[PDB]
Amino acid sequence: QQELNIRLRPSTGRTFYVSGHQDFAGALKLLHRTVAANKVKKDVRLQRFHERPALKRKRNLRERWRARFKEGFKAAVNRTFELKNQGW
Amino acid sequence: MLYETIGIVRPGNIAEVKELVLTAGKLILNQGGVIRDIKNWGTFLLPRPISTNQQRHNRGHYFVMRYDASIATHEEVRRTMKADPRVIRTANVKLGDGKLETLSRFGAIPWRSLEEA
Amino acid sequence: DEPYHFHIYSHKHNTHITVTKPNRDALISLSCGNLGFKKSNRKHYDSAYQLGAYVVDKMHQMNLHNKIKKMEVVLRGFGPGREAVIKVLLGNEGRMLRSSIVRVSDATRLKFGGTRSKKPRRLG
Amino acid sequence: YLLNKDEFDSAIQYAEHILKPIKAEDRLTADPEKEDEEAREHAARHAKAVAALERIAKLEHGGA
Amino acid sequence: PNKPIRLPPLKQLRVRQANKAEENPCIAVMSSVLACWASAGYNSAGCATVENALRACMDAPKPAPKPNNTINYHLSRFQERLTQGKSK
Amino acid sequence: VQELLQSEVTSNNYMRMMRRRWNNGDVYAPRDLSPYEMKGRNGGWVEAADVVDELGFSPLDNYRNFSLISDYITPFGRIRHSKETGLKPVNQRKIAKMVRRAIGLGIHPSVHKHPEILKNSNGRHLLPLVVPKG
Amino acid sequence: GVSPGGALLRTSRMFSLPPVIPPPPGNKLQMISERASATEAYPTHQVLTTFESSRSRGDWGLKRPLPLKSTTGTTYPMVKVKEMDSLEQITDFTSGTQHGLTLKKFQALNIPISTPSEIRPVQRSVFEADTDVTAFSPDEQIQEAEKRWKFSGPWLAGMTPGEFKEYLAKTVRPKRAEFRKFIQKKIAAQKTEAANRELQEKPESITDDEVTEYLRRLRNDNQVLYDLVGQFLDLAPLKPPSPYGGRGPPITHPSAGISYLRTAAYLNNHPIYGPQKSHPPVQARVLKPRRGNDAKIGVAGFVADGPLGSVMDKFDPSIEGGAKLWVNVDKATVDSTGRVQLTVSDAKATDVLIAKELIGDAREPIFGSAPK
Amino acid sequence: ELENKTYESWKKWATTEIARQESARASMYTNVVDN
Amino acid sequence: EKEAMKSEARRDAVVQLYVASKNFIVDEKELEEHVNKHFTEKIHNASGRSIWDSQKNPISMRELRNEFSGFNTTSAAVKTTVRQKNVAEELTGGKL
RNA sequence: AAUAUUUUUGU
RNA sequence: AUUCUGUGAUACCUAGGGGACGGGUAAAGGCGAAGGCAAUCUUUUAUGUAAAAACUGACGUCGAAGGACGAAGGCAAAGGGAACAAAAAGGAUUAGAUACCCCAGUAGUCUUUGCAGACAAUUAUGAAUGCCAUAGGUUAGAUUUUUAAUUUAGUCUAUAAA
Ligand SMILES: [K+]
Ligand SMILES: [K+]
Ligand SMILES: [K+]
Ligand SMILES: [K+]
Ligand SMILES: [K+]
Ligand SMILES: [Mg+2]
Ligand SMILES: [Mg+2]
Ligand SMILES: [Mg+2]
Ligand SMILES: [Mg+2]
Ligand SMILES: [Mg+2]
Ligand SMILES: [Mg+2]
Ligand SMILES: [Mg+2]
Ligand SMILES: [Mg+2]
Ligand SMILES: [Mg+2]
Ligand SMILES: [Mg+2]
Ligand SMILES: [Mg+2]
Ligand SMILES: [Mg+2]
Ligand SMILES: [Mg+2]
Ligand SMILES: [Mg+2]
Ligand SMILES: [Mg+2]
Ligand SMILES: [Mg+2]
Ligand SMILES: [Mg+2]
Ligand SMILES: [Mg+2]
């Protein structure tokens, strides 16, 4: 600011303020949702030990297929009920 | 080639901004360049406090300069800026893809609009 | 006027609670071991709950529930104490200091690349 | 930019011919204070454009 | 963003747990009792209203099991049509 | 005045359950008022088309814009996935690179939005300050 | 030359199905919902019917017979076929009453569609030989372009910056040669004017000097130039120096084929009371109360703004079935995007009570019992 | 008339969920001690 | 003819770059005149010493989409003039 | 969700 | 447990340095002869792909040998040395434990100039040409009645004839 400068640090981006329609408990739920949407807890675990480029690559291929298979499965489950609703 | 330099200097003196913009400006024209525009941005916070030459800075005086000079001039322009202890940091970039059709639509540095390319 | 801070650092094996002033100077810097836990019980959820209650209790003895008008709760790490201490501040133990909270931030340290980490372990 | 002295000069001669200040429709209605002024203003502006375009199209200012 | 993939040929298109797993409600009341003792105390009066709720929970009769979900049957009808086929 | 105030709260509560903004010309049927339609099972407010193609701009040439970069990075400073931006792989690679150029050039933060943008957002007077400590 | 088998298919009924027209235009730079879609502004698929004798069997003239569960029981048999045979080997269909009955409701209001009016009400019909015309000739000048409604060129102010670039480069740039010829035809006519006028008391005009020079004379007057470019590309006029081009031309017919009535200047003769003053009211729902700076109401399936004035002030959960108020539809028009906007105007009191007399809802009947 | 029967069913769903959310708001904070 | 269409498109780019040569700077005389005019201690409404005061913020995505979704309101009149010109400049090539 | 005591042999 | 700490540690800050690393984006994605290549700016370098036109006119494919390139580790010389870590060394586990685990830790990893030429250097499938029926995704383009369908060159699943 004019006299005191803002503390620009990684925690500055991970900050949620208390307002009239957002109490303390409401700021925690907003934080947890944002801390999990950015996969912070996942980064701490992966950065605990080193994963060579080949293991980090093959690990993504395994997790990327399970994500595509799970997505295409929910689409077939909801497509089944969309057809079951038409009487098919 | 169409270049663009975003220089950040100390917020203390406004005269220091003129001498820097003029030194690099005359340098471009003497070599044979064509300055397209020079926007004077004010003094606002930096991405983070960075210390240069045993001096902690929290906000520098920004300024953009879009010129069309040769490679030798560009390197010489951004090399003198770096050596100058009055600049906090610089951001040089090559504008456009190199084609004439796109290089002819670069004018004033926009702030409330985009560079439609 | 920067608010007071209530840093809560917690990892797999211990938890630290530091209460600083606007200038970031520690006032109450305690850990689980300060209560009597020895080498294994500093990780338990219960120990982190007693530490939070002990720290908050010490804040009342120092008359900080009337001296602090604005406070910030900073969280670093995902250990068991991340939820234990929060529930203390979100219960009856921390009802006096709850009204003065204005911010809630996270200060977990991550590296974009950074220094090489230890090799994986083979426990099996 | 895949140009040459011929194409360059043609564009200049064309650009200046389509931007020349159109004179008044009639002579009695013409105003020498404005017509002669635009002639000098446009002429000076043309010299600047030519001097600026010649530097942009200079092949010595290109890359490998 | 890409759309859901067409699942490969599977042996059977089904969901492991068709009907949701019901959580014992009294386990949640016990957690509240253990919370009072942690903060208030064991031989206190603040846990009175909470301890009584724990006794009333274990006394009440458990609900009846819900009718099983027929999702897996409809998934088996549209498997060969939704996926690439059946494999065995 | 008590009944008047309590009625307002209960009224606004129901207004929150009508997850639909009726517009002029929108055709509605008796089914468009049932819970299934109002429940809003859709959990995604995704974009329609590639904004970089509708606005016809080159991201790489607009690295100066500090608001354009803060719009394509999460509050944590992480580039947004194509699911959120809803861009094509080519345009996503252009915006992803424009963010790295600006951050790499040192003109934009890498872990949060630009400070000057944090001054205009909520919590203006509650931003973390730096005490001189001396 | 077509075989007899190929000649019957051409005239068959299933081959007459119209292609699925694009959905009603929406904001390109906006967010929408993917896993859920509500009713559209106007229909995009053809609504089908079948004989009551064929409905008991599921035969709708499609690839396969439809199921009887979701197809029988309703009064009006309507269905929309999104795909006659999908990758699941099933006719992807859905009930079409969402738009089939909405047309019957609107047509029950007995109101025509009139051209939009800027704010002396002048309700002019849409189907008229002067305005409703799509064919034209190169002789009609700008003064007649205000009548047309179907233009070949796009609305510049509506197109996005990217859609405008594609137009300039791939539709406008490769037309200079043909446009220069367009000027020559005009210059050829100008030279004939003086010749004709002088004879009472054409030249080929192929010369690049006149064309190139003719354009240099219009640089000072850019207005007359735009009128010439628009005529070559068939653009919708934007600047007044008029045809309600503020929001742009319509993406369809001004009526959208929903109501073909031309005038509302009639008086329904009531049996007992006689010719009434205004048209019978219509009950309307109350959606999105003010406490949004405007209230929405559902009039015959459509959503329109409430009358310029309770039920509109605050929400009332106690009111069973929701707040419903009687109202009169004053004017109806189709905007550029294709929406059907209604100018719902508050209704009178006597009309409502009169409309209920034939229903049995009026508390005190107006006939006989009414002493004054 | 059909909209009434559907609007009523929505009202039942709204009041049920609204009341349900109140429990979530009160369950966030802890008051089991009954101070 | 195909080689003429390319040269023609190459010419238009030079005429465009010719019209934008009014704001360029070719000699030191225009340089010092430009610096002394824009670089002053009281140029950004001073109060405030930042471009974030006169022009509060740079155009964002929210604002951009609002120009084509929110409003569509009088910016069309200022935009149409700039668009109609671009259409005429393309066909006629006059670069008005 | 990121948890991990030990446990050999068989003409 | 060895170990760190009252010579004030951990925790929370301030101000100066110092090295190597590369978060998100990120995908069945892409690029090169392979090996292999993922922060960023400027400079620099050879192929390849799409669309049309124009040009040369069989100038093509494979290719022993020679030569060039060739991962990590390693040798040689001079730098650098935060982190990780063969070796050496200690603490535990265990019937025993060089081991797996732990406290610390040198070469080495990085830079520059050479040597070295072995790899599950893999698609366990040499390179190349002609040819054989479909479908569902996906990558970079092209065309269009750019809504959505054709189409060129790749890549990946599931099939027909075989
Ligand atoms: K110290
Ligand atoms: K390739
Ligand atoms: K170590
Ligand atoms: K060698
Ligand atoms: K394919
Ligand atoms: Mg301690
Ligand atoms: Mg180790
Ligand atoms: Mg073991
Ligand atoms: Mg044996
Ligand atoms: Mg460094
Ligand atoms: Mg490889
Ligand atoms: Mg990465
Ligand atoms: Mg060969
Ligand atoms: Mg060989
Ligand atoms: Mg080596
Ligand atoms: Mg080496
Ligand atoms: Mg050595
Ligand atoms: Mg040992
Ligand atoms: Mg190396
Ligand atoms: Mg290898
Ligand atoms: Mg070979
Ligand atoms: Mg691939
Ligand atoms: Mg296969």
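Residues numbered from 1 in each chain as written, not as in the entry; some residues may be left out. Chains lettered and ligands numbered in written order. Part of a larger assembly, values for the part shown. Heavy atoms only, no water.

If you check the header, you'll see the entry was determined by cryo-EM and the resolution is listed as 3.05 Å.

A closer look at the overall build of chain H
In terms of regular secondary structure, chain H is built from one helix and zero strands. Taken along the three principal axes of its C-alpha coordinates, chain H extends 50 × 15 × 5 Å. Buried residues in chain H amount to 34% of all 35 residues. (Helix = DSSP H or I, 4+ residues; strand = E, 2+ residues; numbered from the N terminus. Buried < 20%, exposed > 50% of the residue type's maximum accessible area, 1.4 Å probe, protein only.)

A short note on the arrangement of the chains
Of all 23 pairs of chains sharing an interface, the pair with the highest contact count is chains F and G. One thing to see here is that chain D and chain E don't touch, and their nearest C-alpha atoms sit 37 Å from each other. For chain E and chain I, which are not in contact, the least C-alpha distance works out to 20 Å. (Contact = heavy atoms within 4.5 Å.)

Digging into the interface of chain F and chain G
Listed as interface residues are 32 residues of chain F and, on the opposing side, 39 residues of chain G. Taken together, the two surfaces of chain F and chain G that pack against each other cover about 3200 Å², and 60% of this comes from carbon and sulfur. The interface formed by chain F and chain G contains two salt bridges. Of the charged contacts in the structure, one is a salt bridge between F:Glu54 and G:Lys28, with a shortest N-O distance of 3.5 Å. (Buried area = accessible area lost by both parts, 1.4 Å probe. Salt bridge = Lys/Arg side-chain N within 4 Å of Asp/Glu carboxyl O.)

Let's talk about a nonpolar patch on the surface
A grouping of G:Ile272, G:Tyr273, G:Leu353, G:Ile366 and G:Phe367 is seen on the molecular surface, where their side chains present a nonpolar patch of about 460 Å² in accessible area. The topology assignment puts G:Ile272 in the loop between β3 (269-270) and β4 (274-275). (Patch = residues over 30% accessible without salt bridge, like charges linked within 9 Å, V, L, I, M, F, W, Y side chains within 5 Å. Areas by Shrake-Rupley, 256 points an atom, 1.4 Å probe, with all protein chains shown as cover.)

With respect to the pattern of salt bridges
One pass over the full model with this rule turns up 49 salt bridges over all chains. The salt bridge involving I:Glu8 is made with G:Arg173; its shortest N-O contact spans 3.0 Å. Within this pair, whereas I:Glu8 is found in helix α1 (residues 2-19), its partner G:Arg173 is found in the loop between α5 (161-172) and α6 (176-200), the two belonging to separate chains. Salt bridges here are not isolated pairs; linked through shared partners, they connect G:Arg173, G:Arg176, I:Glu8, I:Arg11 and I:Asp12.

Re the sheet that holds strand β8 (residues 324-334) of chain G
All names here are of chain G. Across the sheet, which stays open at both edges, the three strands sit in the order β5-β8-β9 with antiparallel pairing between neighbours. Of all the strands in the sheet, the pair left with one neighbour each is β5 (282-285) and β9 (340-346). Averaged over all pairs of adjacent strands, the angle between strand axes in this sheet comes to 65°, irrespective of strand direction. Summarising the sheet, β8 and β9 pair through seven bridges and their orientation is antiparallel. By the bridge assignment, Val-329 is partnered in β9 with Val-344. (Pairing = 2+ DSSP bridges. Axes fitted to C-alpha atoms, helices over the stretch in contact; angles between N-to-C directions.)

Some thoughts on the protein's contact with RNA strand J
Surrounding RNA strand J, one finds A:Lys41, A:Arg45, C:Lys12 and C:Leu123. Of everything in RNA strand J that lies within 4 Å of the protein, sugar and phosphate atoms constitute 33%. Take A:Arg45: an N or O atom from its side chain is 3.4 Å from a base nitrogen of RNA strand J. Among the residues making up the surface near RNA strand J, the classes are represented as one nonpolar, no polar and three charged. (Near = heavy atom within 4 Å. Polar contact = N/O pair within 3.5 Å; in protein donor to acceptor, adjacent residues only side chain to side chain. Nonpolar A, V, L, I, M, F, W, Y, C, P; charged D, E, K, R; others polar.)

Considerations on the environment of G:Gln223
Looking at the element boundaries, G:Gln223 is found in helix α8 (residues 222-233). Distance in space between the C-alpha atoms of G:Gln223 and G:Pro241 is 8.1 Å, their sequence separation being 18 residues.

Focus: the side chain of G:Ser114
Residue and element names in this part refer to chain G. Structurally, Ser-114 is set in the loop between α3 (97-106) and α4 (142-145). By relative accessible area, which is 8% here, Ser-114 ends up buried. Among the polar contacts listed, one links the side chain of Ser-114 to the side chain of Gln-123, at a separation of 3.1 Å. Setting aside anything within four residues of it in sequence, one finds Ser-114 in contact with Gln-123, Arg-124, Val-126, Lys-331, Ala-332 and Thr-333.

Notes on the state of the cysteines
Residues and elements named next belong to chain E. The final tally for this structure, using the stated rule, is one disulfide over all chains. Across the disulfide from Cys-26 sits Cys-57; the S-S distance is 2.0 Å. On the sign convention where negative means left-handed, the S-S torsion of about -95° between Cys-26 and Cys-57 marks this disulfide as left-handed. Residue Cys-26 is located in helix α1 (residues 25-39), and its partner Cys-57 is located in helix α2 (residues 48-59); the two are separated by 31 residues in the primary sequence. Residue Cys-26 shares its accessibility class with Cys-57, and that shared class is buried. No disulfide involves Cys-36; its sulfur sits 6.0 Å from the nearest other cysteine sulfur, which is in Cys-47. Here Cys-36 falls in the buried class, since its relative accessible area comes to 0%. (Disulfide = S-S within 2.5 Å.)

Focus on the layout of surface pockets
Estimated volume of the second largest pocket: approximately 1000 Å³. Together, 39 residues line the second largest pocket, and C:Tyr45, C:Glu83, C:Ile86, C:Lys87 and C:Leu90 are the ones closest to its centre. Within the residue set of the lining of the second largest pocket, elements represented by two or more residues are α2 (24-37) of chain A, α1 (45-61) and α2 (81-89) of chain C, α1 of chain E together with α1 (2-28) of chain H. If you tally residues by element for the lining of the second largest pocket, the top one is α1(E), at eight residues. Per-class residue counts for the lining of the second largest pocket are 21 nonpolar, 11 polar and seven charged. (1 Å grid on protein atoms, 1.4 Å probe; cavity = no way out; pocket = protein on both sides within 12 Å on 5 of 7 lines; lining within 4 Å. Points joined across faces, edges and corners; volume = space filled by probe spheres on them.)

Some details on the protein's contact with RNA strand K
Among the 68 residues in the neighbourhood of RNA strand K, the closest are listed as A:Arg7, C:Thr18, C:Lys39, E:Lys3 and F:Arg93. Counting only atoms of RNA strand K within 4 Å of the protein, the sugar-phosphate share comes to 83%. For RNA strand K, a sugar or linking oxygen lies 3.3 Å from a polar atom in the side chain of A:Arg68. Elements with a contribution of two residues or more to the surface near RNA strand K: α4 (53-85) of chain A, α2 (71-83) and β5 (87-94) of chain B, β2 (15-20) and β3 (26-31) of chain C together with α6 (89-105) of chain F.

Here's the deal with the sheet that holds β2(C)
Spatially, six strands are ordered β1(A)-β5(C)-β4(C)-β1(C)-β2(C)-β3(C) in an open sheet, and the strand pairing comes out mixed. Of all strands in the sheet, those bounded by a partner on one side alone are β1 (15-17) of chain A together with β3 of chain C. Adjacent strand axes in the sheet meet at a mean angle of 15° when their direction is disregarded. In this structure, β2(C) lies alongside β3(C), joined through five bridges in antiparallel fashion. By the bridge assignment for β3(C), C:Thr20 is matched with C:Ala26. Here α1(C) sits on the sheet and contacts β1 (4-10), β2, β3 and β4 (71-76) of chain C; the angle it forms with β3(C), its principal contact strand, is near 155°.

Focus on the packing of aromatic side chains
Throughout the structure, instances matching the rule amount to 21 aromatic pairs over all chains. Each ring, one from B:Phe44 and one from I:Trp52, has its centre 5.8 Å from the other, and the planes form 65°; the classification is edge-to-face. With B:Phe44 in strand β3 (residues 43-51) and I:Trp52 in helix α3 (residues 51-54), this residue pair bridges two chains. Put simply, the rings of B:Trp41, B:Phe44, B:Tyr62, B:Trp111, F:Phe66 and I:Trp52 touch in pairs and so form one group of aromatic residues. Taking NZ or CZ as reference, F:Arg41 lies 3.8 Å from the ring centre of F:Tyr36, over its face. A cation over a ring is seen here: I:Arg11 above D:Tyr14, with NZ or CZ 4.3 Å from the ring centre. (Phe/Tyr/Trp six-rings, centres within 6.5 Å; stacked < 30°, edge-to-face > 60°. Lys NZ or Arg CZ within 6 Å of the ring centre and 35° of its normal.)

A look at empty space enclosed by the protein
Approximately 60 Å³ is the volume attributed to the second largest cavity. As for the second largest cavity, its lining consists of B:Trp41, B:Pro110, B:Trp111, B:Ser113, B:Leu114, F:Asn62, F:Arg64, F:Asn65 and I:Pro58. Taken together, the residues of the lining of the second largest cavity break down into five nonpolar, three polar and one charged.

As for a positive patch on the surface
Judged by side-chain charge, A:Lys39, A:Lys42, A:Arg45, A:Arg48, C:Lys12, C:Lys43, C:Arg121, F:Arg78 and F:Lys83 come together as a positively charged surface patch. For F:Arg78, the position within the fold is in the loop between α4 (66-70) and α5 (82-85). (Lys, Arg positive; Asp, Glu negative; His and termini not counted. Charge placed at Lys NZ, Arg CZ, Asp CG, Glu CD.)

Comments concerning the packing of helix α2 (residues 32-56) of chain D against α1(I)
Where α2(D) meets α1(I), the closest approach of the two axes is 9 Å, and the angle between their N-to-C directions is 125°. Viewed along their axes, α2(D) and α1(I) adopt a mutual orientation that is oblique. The chirality of how α2(D) crosses α1(I) is right-handed. Residues D:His42, D:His46, D:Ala49, D:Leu53 and D:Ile56 of α2(D) lie in contact with α1(I), whose contacting residues are I:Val14, I:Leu17 and I:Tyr18. (Parallel < 35°, antiparallel > 145°, perpendicular 65-115°, else oblique. Left-handed = near helix turned anticlockwise from the far one by under 90°.)

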